[PDB]
Amino acid sequence: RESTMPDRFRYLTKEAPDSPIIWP
Amino acid sequence: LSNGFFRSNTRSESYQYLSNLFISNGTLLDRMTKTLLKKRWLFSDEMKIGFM
């Protein structure tokens with residue numbers, strides 16, 4: 001697609017996963 | 001308006017110096033406008049990297 005978003009700031013648009021709390 | 005010809009020559013010398021300076025660094029502006037052509041955005045980091 002065509003947009004006005006710089007390639008440097010693309011990876012900042014996603015949500016990272018998180019490890020569940022290992023201790024319980 | 002006797003003060004309309006001094007500023008014209010001041011800007012003329014400014015333009016002549018700018019042209020003489022840009023002639024020596026023509027490759028800089030060349031690679032720079034090509035970098036702006038491929039990568040659609042241009043920040044200060046890419047700016048200083050392309051100053052090489």
# chains A, B, ... in the order shown; residues from 1 in each chain; ligands from 1
>>> interface_residues(of="chain B", to="chain A", cutoff="12 Å", atoms="only C-alpha atoms", output="mmCIF file with C-alpha atoms, in the first residue's frame")
data_model
loop_
_atom_site.group_PDB
_atom_site.id
_atom_site.type_symbol
_atom_site.label_atom_id
_atom_site.label_comp_id
_atom_site.auth_asym_id
_atom_site.auth_seq_id
_atom_site.Cartn_x
_atom_site.Cartn_y
_atom_site.Cartn_z
ATOM 1 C CA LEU B 36 15.790 11.651 -0.649
ATOM 2 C CA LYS B 38 14.748 6.495 -2.775
ATOM 3 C CA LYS B 39 14.008 6.902 0.949
ATOM 4 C CA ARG B 40 10.954 9.160 1.143
ATOM 5 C CA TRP B 41 12.041 10.769 4.439
ATOM 6 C CA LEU B 42 15.350 12.336 5.443
ATOM 7 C CA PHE B 43 16.321 13.088 9.051
ATOM 8 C CA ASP B 45 21.120 11.177 11.083
ATOM 9 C CA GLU B 46 20.877 10.235 7.398
#
>>> atom_distance(atom1="atom CA of residue B:52", atom2="atom CA of residue B:34")
14.3 Å
>>> atom_distance(atom1="atom CA of residue B:49", atom2="atom CA of residue B:33")
13.4 Å
>>> atom_distance(atom1="atom CA of residue B:51", atom2="atom CA of residue B:16")
22.4 Å
>>> residues_around(residues="residue B:32", least_positions_apart="4", cutoff="9 Å", atoms="only C-alpha atoms", output="list in words")
residues 27, 28, 36, 37, 47, 50 and 51 of chain B
>>> write_last_selection(atoms="N, CA and C atoms", output="PDB file, in the first residue's frame")
ATOM      1  N   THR B  27      28.778  16.645  -5.671  1.00  0.00           N
ATOM      2  CA  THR B  27      28.525  15.236  -5.392  1.00  0.00           C
ATOM      3  C   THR B  27      27.709  15.065  -4.119  1.00  0.00           C
ATOM      4  N   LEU B  28      27.944  15.927  -3.123  1.00  0.00           N
ATOM      5  CA  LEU B  28      27.191  15.872  -1.872  1.00  0.00           C
ATOM      6  C   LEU B  28      25.699  16.049  -2.122  1.00  0.00           C
ATOM      7  N   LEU B  36      17.162  11.185  -0.831  1.00  0.00           N
ATOM      8  CA  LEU B  36      15.790  11.651  -0.649  1.00  0.00           C
ATOM      9  C   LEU B  36      14.853  11.035  -1.683  1.00  0.00           C
ATOM     10  N   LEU B  37      15.369  10.714  -2.871  1.00  0.00           N
ATOM     11  CA  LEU B  37      14.532  10.118  -3.904  1.00  0.00           C
ATOM     12  C   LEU B  37      14.148   8.684  -3.557  1.00  0.00           C
ATOM     13  N   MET B  47      21.264  12.627   7.199  1.00  0.00           N
ATOM     14  CA  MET B  47      21.877  13.850   6.691  1.00  0.00           C
ATOM     15  C   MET B  47      23.383  13.822   6.930  1.00  0.00           C
ATOM     16  N   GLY B  50      25.185  10.992   5.083  1.00  0.00           N
ATOM     17  CA  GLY B  50      25.396  11.341   3.691  1.00  0.00           C
ATOM     18  C   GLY B  50      26.344  12.500   3.472  1.00  0.00           C
ATOM     19  N   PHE B  51      26.715  13.221   4.533  1.00  0.00           N
ATOM     20  CA  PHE B  51      27.757  14.235   4.388  1.00  0.00           C
ATOM     21  C   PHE B  51      29.137  13.656   4.060  1.00  0.00           C
TER      22      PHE B  51
END
